[PDB]
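Peer 1: Following this line is coords.pdb, made up of PDB, C-alpha atoms and all ligand atoms:
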ATOM      1  CA  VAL A   3      76.642  88.040 100.893
ATOM      2  CA  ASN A   4      78.790  90.500  98.922
ATOM      3  CA  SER A   5      79.140  91.548  95.279
ATOM      4  CA  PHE A   6      82.470  89.845  94.493
ATOM      5  CA  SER A   7      82.063  87.503  91.511
ATOM      6  CA  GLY A   8      84.047  84.708  89.892
ATOM      7  CA  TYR A   9      86.443  83.979  92.770
ATOM      8  CA  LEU A  10      87.837  80.584  93.699
ATOM      9  CA  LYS A  11      87.523  79.836  97.427
ATOM     10  CA  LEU A  12      90.845  78.826  98.984
ATOM     11  CA  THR A  13      89.834  78.754 102.667
ATOM     12  CA  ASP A  14      87.040  79.845 104.973
ATOM     13  CA  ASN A  15      87.993  83.503 104.398
ATOM     14  CA  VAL A  16      90.404  83.783 101.415
ATOM     15  CA  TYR A  17      89.238  83.972  97.793
ATOM     16  CA  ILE A  18      91.352  84.383  94.625
ATOM     17  CA  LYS A  19      90.757  85.472  91.023
ATOM     18  CA  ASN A  20      92.679  86.317  87.849
ATOM     19  CA  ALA A  21      91.746  89.974  87.522
ATOM     20  CA  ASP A  22      93.066  93.502  87.166
ATOM     21  CA  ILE A  23      92.581  95.041  90.622
ATOM     22  CA  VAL A  24      91.885  98.416  88.995
ATOM     23  CA  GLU A  25      89.040  96.980  86.925
ATOM     24  CA  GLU A  26      87.819  94.896  89.874
ATOM     25  CA  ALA A  27      87.704  97.966  92.114
ATOM     26  CA  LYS A  28      85.880 100.022  89.481
ATOM     27  CA  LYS A  29      83.242  97.284  89.141
ATOM     28  CA  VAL A  30      82.732  96.314  92.790
ATOM     29  CA  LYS A  31      83.474  99.658  94.494
ATOM     30  CA  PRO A  32      84.483  97.753  97.644
ATOM     31  CA  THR A  33      84.625  99.272 101.087
ATOM     32  CA  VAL A  34      88.406  98.728 101.131
ATOM     33  CA  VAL A  35      90.919  98.310  98.322
ATOM     34  CA  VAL A  36      94.480  97.514  99.382
ATOM     35  CA  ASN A  37      97.377  99.307  97.711
ATOM     36  CA  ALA A  38     100.845  97.766  97.426
ATOM     37  CA  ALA A  39     102.438 100.906  98.851
ATOM     38  CA  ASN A  40     105.955 101.994  99.726
ATOM     39  CA  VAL A  41     106.846 103.969 102.852
ATOM     40  CA  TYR A  42     106.871 107.269 100.934
ATOM     41  CA  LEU A  43     103.504 106.602  99.275
ATOM     42  CA  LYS A  44     105.165 107.276  95.906
ATOM     43  CA  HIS A  45     102.776 105.453  93.595
ATOM     44  CA  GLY A  46     105.011 105.121  90.575
ATOM     45  CA  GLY A  47     104.563 101.603  89.255
ATOM     46  CA  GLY A  48     103.145  98.177  89.874
ATOM     47  CA  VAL A  49      99.766  98.006  91.571
ATOM     48  CA  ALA A  50     100.295 101.428  93.166
ATOM     49  CA  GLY A  51     101.074 103.159  89.888
ATOM     50  CA  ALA A  52      98.021 101.558  88.279
ATOM     51  CA  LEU A  53      95.631 102.465  91.119
ATOM     52  CA  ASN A  54      96.915 106.025  91.231
ATOM     53  CA  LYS A  55      96.559 106.437  87.446
ATOM     54  CA  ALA A  56      92.931 105.306  87.698
ATOM     55  CA  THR A  57      92.318 108.124  90.237
ATOM     56  CA  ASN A  58      93.733 110.719  87.811
ATOM     57  CA  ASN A  59      96.618 111.295  90.313
ATOM     58  CA  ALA A  60      94.254 112.255  93.162
ATOM     59  CA  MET A  61      95.652 109.362  95.217
ATOM     60  CA  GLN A  62      99.169 110.805  94.846
ATOM     61  CA  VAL A  63      98.052 114.339  95.782
ATOM     62  CA  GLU A  64      96.344 113.039  98.931
ATOM     63  CA  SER A  65      99.345 110.838  99.731
ATOM     64  CA  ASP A  66     101.836 113.709  99.445
ATOM     65  CA  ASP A  67      99.825 115.686 101.993
ATOM     66  CA  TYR A  68      99.725 112.627 104.280
ATOM     67  CA  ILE A  69     103.525 112.246 104.155
ATOM     68  CA  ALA A  70     104.135 115.969 104.626
ATOM     69  CA  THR A  71     102.108 115.778 107.857
ATOM     70  CA  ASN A  72     103.032 112.342 109.220
ATOM     71  CA  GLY A  73     106.316 111.249 107.654
ATOM     72  CA  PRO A  74     106.937 107.863 106.047
ATOM     73  CA  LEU A  75     105.187 104.650 106.959
ATOM     74  CA  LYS A  76     107.029 101.691 108.468
ATOM     75  CA  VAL A  77     107.804  98.617 106.400
ATOM     76  CA  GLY A  78     105.033  96.275 107.536
ATOM     77  CA  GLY A  79     102.767  99.232 108.336
ATOM     78  CA  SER A  80      99.749 100.871 106.757
ATOM     79  CA  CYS A  81      97.490 103.879 106.642
ATOM     80  CA  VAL A  82      93.857 104.368 105.637
ATOM     81  CA  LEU A  83      93.214 107.054 103.019
ATOM     82  CA  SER A  84      90.431 107.760 100.548
ATOM     83  CA  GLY A  85      89.489 105.192  97.930
ATOM     84  CA  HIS A  86      88.662 108.025  95.488
ATOM     85  CA  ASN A  87      86.629 106.667  92.536
ATOM     86  CA  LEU A  88      87.725 103.069  93.210
ATOM     87  CA  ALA A  89      86.504 102.220  96.730
ATOM     88  CA  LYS A  90      85.323 103.897  99.901
ATOM     89  CA  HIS A  91      88.793 103.585 101.463
ATOM     90  CA  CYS A  92      92.267 102.627 100.326
ATOM     91  CA  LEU A  93      94.393 100.711 102.836
ATOM     92  CA  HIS A  94      97.988 101.495 101.822
ATOM     93  CA  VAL A  95     100.072  98.544 103.084
ATOM     94  CA  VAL A  96     103.871  98.365 102.872
ATOM     95  CA  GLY A  97     105.147  94.865 102.255
ATOM     96  CA  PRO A  98     108.915  94.356 102.301
ATOM     97  CA  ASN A  99     110.624  95.038  98.968
ATOM     98  CA  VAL A 100     113.131  92.243  98.361
ATOM     99  CA  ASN A 101     114.799  94.382  95.680
ATOM    100  CA  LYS A 102     115.658  96.826  98.501
ATOM    101  CA  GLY A 103     116.950  94.127 100.872
ATOM    102  CA  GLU A 104     114.029  94.312 103.306
ATOM    103  CA  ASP A 105     113.272  91.490 105.738
ATOM    104  CA  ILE A 106     110.714  89.049 104.318
ATOM    105  CA  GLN A 107     109.528  88.218 107.857
ATOM    106  CA  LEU A 108     107.869  91.665 107.775
ATOM    107  CA  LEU A 109     105.415  90.219 105.238
ATOM    108  CA  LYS A 110     103.383  88.704 108.078
ATOM    109  CA  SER A 111     103.258  92.069 109.857
ATOM    110  CA  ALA A 112     102.084  93.676 106.606
ATOM    111  CA  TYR A 113      99.217  91.189 106.230
ATOM    112  CA  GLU A 114      98.174  91.718 109.878
ATOM    113  CA  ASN A 115      96.909  95.159 108.830
ATOM    114  CA  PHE A 116      94.156  93.416 106.850
ATOM    115  CA  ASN A 117      92.616  92.097 110.093
ATOM    116  CA  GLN A 118      91.419  95.615 110.964
ATOM    117  CA  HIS A 119      88.896  95.433 108.083
ATOM    118  CA  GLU A 120      86.040  92.965 107.736
ATOM    119  CA  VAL A 121      86.272  92.654 103.921
ATOM    120  CA  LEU A 122      89.026  93.736 101.503
ATOM    121  CA  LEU A 123      89.957  93.593  97.827
ATOM    122  CA  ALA A 124      93.724  93.157  97.704
ATOM    123  CA  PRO A 125      96.803  92.170  95.707
ATOM    124  CA  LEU A 126      99.388  89.708  96.955
ATOM    125  CA  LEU A 127     101.743  91.746  99.126
ATOM    126  CA  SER A 128     105.420  91.944  98.163
ATOM    127  CA  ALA A 129     104.672  90.250  94.794
ATOM    128  CA  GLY A 130     105.371  91.750  91.377
ATOM    129  CA  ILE A 131     108.004  94.490  91.422
ATOM    130  CA  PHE A 132     108.481  94.058  95.192
ATOM    131  CA  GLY A 133     110.409  90.877  94.367
ATOM    132  CA  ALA A 134     108.995  88.249  96.734
ATOM    133  CA  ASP A 135     107.813  84.763  95.771
ATOM    134  CA  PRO A 136     104.026  85.059  95.215
ATOM    135  CA  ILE A 137     103.446  81.456  96.336
ATOM    136  CA  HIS A 138     105.011  82.436  99.651
ATOM    137  CA  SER A 139     102.950  85.629  99.819
ATOM    138  CA  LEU A 140      99.745  83.638  99.343
ATOM    139  CA  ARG A 141     100.774  81.216 102.097
ATOM    140  CA  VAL A 142     101.449  84.070 104.531
ATOM    141  CA  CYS A 143      98.134  85.680 103.575
ATOM    142  CA  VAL A 144      96.164  82.499 104.283
ATOM    143  CA  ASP A 145      98.002  81.914 107.570
ATOM    144  CA  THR A 146      97.695  85.540 108.797
ATOM    145  CA  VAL A 147      94.502  87.180 107.530
ATOM    146  CA  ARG A 148      91.340  86.167 109.387
ATOM    147  CA  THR A 149      88.961  88.666 107.789
ATOM    148  CA  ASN A 150      87.461  88.152 104.328
ATOM    149  CA  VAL A 151      90.018  88.858 101.612
ATOM    150  CA  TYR A 152      89.417  88.819  97.854
ATOM    151  CA  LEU A 153      92.758  88.548  96.060
ATOM    152  CA  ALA A 154      93.172  89.854  92.515
ATOM    153  CA  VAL A 155      96.066  88.334  90.551
ATOM    154  CA  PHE A 156      96.764  90.231  87.327
ATOM    155  CA  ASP A 157      98.885  87.590  85.568
ATOM    156  CA  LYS A 158      96.882  84.592  84.326
ATOM    157  CA  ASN A 159      99.912  82.295  84.228
ATOM    158  CA  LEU A 160     100.742  83.199  87.833
ATOM    159  CA  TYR A 161      97.123  82.739  88.925
ATOM    160  CA  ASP A 162      97.075  79.179  87.564
ATOM    161  CA  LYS A 163     100.347  78.351  89.331
ATOM    162  CA  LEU A 164      99.059  79.739  92.644
ATOM    163  CA  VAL A 165      95.875  77.665  92.476
ATOM    164  CA  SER A 166      97.506  74.457  91.270
ATOM    165  CA  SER A 167     100.217  74.613  93.946
ATOM    166  CA  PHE A 168      97.972  75.676  96.829
ATOM    167  CA  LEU A 169      98.117  73.381  99.837
TER     168      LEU A 169
HETATM  169  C1  LIG B 201     103.171  88.929  89.014
HETATM  170  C2  LIG B 201     103.441  90.407  88.711
HETATM  171  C3  LIG B 201     104.839  90.731  89.218
HETATM  172  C4  LIG B 201     103.448  90.560  87.172
HETATM  173  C5  LIG B 201     102.375  91.338  89.384
HETATM  174  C6  LIG B 201     102.740  92.799  89.262
HETATM  175  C7  LIG B 201     101.653  93.713  89.800
HETATM  176  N1  LIG B 201     100.613  93.155  90.675
HETATM  177  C8  LIG B 201      99.214  93.451  90.408
HETATM  178  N2  LIG B 201      98.298  92.650  90.997
HETATM  179  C9  LIG B 201      96.966  92.863  90.777
HETATM  180  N3  LIG B 201      96.401  93.809  90.023
HETATM  181  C10 LIG B 201      97.324  94.615  89.437
HETATM  182  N4  LIG B 201      97.013  95.678  88.602
HETATM  183  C11 LIG B 201      98.199  96.279  88.183
HETATM  184  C12 LIG B 201      99.248  95.598  88.756
HETATM  185  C13 LIG B 201      98.741  94.521  89.560
HETATM  186  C14 LIG B 201     100.989  91.924  91.459
HETATM  187  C15 LIG B 201     101.196  92.240  92.956
HETATM  188  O1  LIG B 201     100.918  91.058  93.639
HETATM  189  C16 LIG B 201     102.196  91.144  90.880
END
Now that the file is in, can you turn its structure into structure tokens?
Peer 2:
Amino acid sequence: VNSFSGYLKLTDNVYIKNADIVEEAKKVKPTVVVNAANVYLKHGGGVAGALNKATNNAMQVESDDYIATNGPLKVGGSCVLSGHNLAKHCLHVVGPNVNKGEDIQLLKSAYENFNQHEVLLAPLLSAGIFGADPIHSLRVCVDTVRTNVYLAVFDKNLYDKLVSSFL
């Protein structure tokens, strides 16, 4: 039993809700919140910009030190950093950005990072400003993640389409 509330159950392990991931994280304080990161950990917009803003830019400061030490992530890769005031940990995961021409097959690799954590609050990878089809992202999530994932979908219209079209 966990403290996630109001989710629809899609499968044994995947749950979905129309919610602002920032507000969800602030309420639940999960062990792991997933960020829709880029390889440079430049949290300018989308989910990443919103999460970073909620940390008063502390996420960006920590991220800049991480990159200065380690260099960029791989597309499809991840790193674990602090969750600041939002969660214990933030799993920064790089889905392919279709608006940069990146290979959508890497979306499965990106979701594989979730399997290293028993429970996660997450957005749909490569959705929003990353340019991928969210219906496809949900399908890859369900077919790749085996741990317990609670998906927050900000847009109510998109949430309803994802549920109604889910196979
Ligand atoms: C569908 C659309 C492109 C409009 C969104 C954009 C951002 N994003 C978010 N998801 C959950 N919580 C969020 N909080 C702030 C942003 C955000 C989604 C990533 O799957 C896609």
Peer 1: Let me see if you get this right: every residue at most 9 Å from ligand LIG 201 (chain B), counting all atoms listed in the file, written as a ChimeraX atom specification.
Peer 2: /A:20-26,38,47-53,124-134,136,139,153-161
Peer 1: Just write the chosen residues, C-alpha atoms, as a CSV table (one decimal), in the coordinates of the input.
Peer 2:
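out_18.csv was written with the following content:
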chain,number,residue,atom,x,y,z
A,20,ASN,CA,92.7,86.3,87.8
A,21,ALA,CA,91.7,90.0,87.5
A,22,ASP,CA,93.1,93.5,87.2
A,23,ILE,CA,92.6,95.0,90.6
A,24,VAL,CA,91.9,98.4,89.0
A,25,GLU,CA,89.0,97.0,86.9
A,26,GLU,CA,87.8,94.9,89.9
A,38,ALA,CA,100.8,97.8,97.4
A,47,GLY,CA,104.6,101.6,89.3
A,48,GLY,CA,103.1,98.2,89.9
A,49,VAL,CA,99.8,98.0,91.6
A,50,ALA,CA,100.3,101.4,93.2
A,51,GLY,CA,101.1,103.2,89.9
A,52,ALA,CA,98.0,101.6,88.3
A,53,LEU,CA,95.6,102.5,91.1
A,124,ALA,CA,93.7,93.2,97.7
A,125,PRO,CA,96.8,92.2,95.7
A,126,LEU,CA,99.4,89.7,97.0
A,127,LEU,CA,101.7,91.7,99.1
A,128,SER,CA,105.4,91.9,98.2
A,129,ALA,CA,104.7,90.2,94.8
A,130,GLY,CA,105.4,91.8,91.4
A,131,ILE,CA,108.0,94.5,91.4
A,132,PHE,CA,108.5,94.1,95.2
A,133,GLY,CA,110.4,90.9,94.4
A,134,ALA,CA,109.0,88.2,96.7
A,136,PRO,CA,104.0,85.1,95.2
A,139,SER,CA,103.0,85.6,99.8
A,153,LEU,CA,92.8,88.5,96.1
A,154,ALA,CA,93.2,89.9,92.5
A,155,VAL,CA,96.1,88.3,90.6
A,156,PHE,CA,96.8,90.2,87.3
A,157,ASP,CA,98.9,87.6,85.6
A,158,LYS,CA,96.9,84.6,84.3
A,159,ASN,CA,99.9,82.3,84.2
A,160,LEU,CA,100.7,83.2,87.8
A,161,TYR,CA,97.1,82.7,88.9
Peer 1: Go through the shown structure with the PyMOL selection byres (((chain A and resi 45) around 12) and not hetatm) and write out the matching residues as an mmCIF file with C-alpha atoms, in the coordinates of the input.
Peer 2:
data_model
loop_
_atom_site.group_PDB
_atom_site.id
_atom_site.type_symbol
_atom_site.label_atom_id
_atom_site.label_comp_id
_atom_site.auth_asym_id
_atom_site.auth_seq_id
_atom_site.Cartn_x
_atom_site.Cartn_y
_atom_site.Cartn_z
ATOM 1 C CA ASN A 37 97.377 99.307 97.711
ATOM 2 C CA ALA A 38 100.845 97.766 97.426
ATOM 3 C CA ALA A 39 102.438 100.906 98.851
ATOM 4 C CA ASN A 40 105.955 101.994 99.726
ATOM 5 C CA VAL A 41 106.846 103.969 102.852
ATOM 6 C CA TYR A 42 106.871 107.269 100.934
ATOM 7 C CA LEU A 43 103.504 106.602 99.275
ATOM 8 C CA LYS A 44 105.165 107.276 95.906
ATOM 9 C CA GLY A 46 105.011 105.121 90.575
ATOM 10 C CA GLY A 47 104.563 101.603 89.255
ATOM 11 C CA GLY A 48 103.145 98.177 89.874
ATOM 12 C CA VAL A 49 99.766 98.006 91.571
ATOM 13 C CA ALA A 50 100.295 101.428 93.166
ATOM 14 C CA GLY A 51 101.074 103.159 89.888
ATOM 15 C CA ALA A 52 98.021 101.558 88.279
ATOM 16 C CA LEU A 53 95.631 102.465 91.119
ATOM 17 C CA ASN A 54 96.915 106.025 91.231
ATOM 18 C CA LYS A 55 96.559 106.437 87.446
ATOM 19 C CA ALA A 56 92.931 105.306 87.698
ATOM 20 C CA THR A 57 92.318 108.124 90.237
ATOM 21 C CA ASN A 58 93.733 110.719 87.811
ATOM 22 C CA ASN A 59 96.618 111.295 90.313
ATOM 23 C CA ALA A 60 94.254 112.255 93.162
ATOM 24 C CA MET A 61 95.652 109.362 95.217
ATOM 25 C CA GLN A 62 99.169 110.805 94.846
ATOM 26 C CA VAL A 63 98.052 114.339 95.782
ATOM 27 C CA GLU A 64 96.344 113.039 98.931
ATOM 28 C CA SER A 65 99.345 110.838 99.731
ATOM 29 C CA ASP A 66 101.836 113.709 99.445
ATOM 30 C CA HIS A 94 97.988 101.495 101.822
ATOM 31 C CA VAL A 96 103.871 98.365 102.872
#
Peer 1: For this structure, which residues satisfy the selection - the PyMOL selection byres (((chain A and resi 119) around 12) and not hetatm) - when it is evaluated on the file as given? I want them as a VMD selection string.
Peer 2: chain A and resid 32 to 36 82 91 to 93 113 to 118 120 to 124 147 to 151
Peer 1: Compare A:69, A:12, A:137, A:77 by their minimum atom-to-atom distance to residue A:167, counting all atoms listed in the file, and give me the closest one.
Peer 2: A:137
Peer 1: Would you compute the distance between atom CA of residue A:107 and atom CA of residue A:83? Give it in Å to one decimal.
Peer 2: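 Answer for the atom CA of residue A:107 to atom CA of residue A:83 separation: 25.4 Å.
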Peer 1: Counting all atoms listed in the file, which residue out of A:68, A:27, A:74, A:17 sits closest to residue A:86?
Peer 2: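 Among A:68, A:27, A:74, A:17, it is A:27 that comes nearest to residue A:86.
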Peer 1: With distances taken over all atoms listed in the file, which residue among A:135, A:89, A:11, A:70 lies nearest residue A:101?
Peer 2: A:135
Peer 1: What is the distance, in Å and to one decimal place, between atom CA of residue A:164 and atom CA of residue A:110?
Peer 2: 18.4 Å
Peer 1: Using Å and a single decimal, report how far atom CA of residue A:163 sits from atom CA of residue A:8.
Peer 2: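 Between these atoms lies a distance of 17.5 Å.
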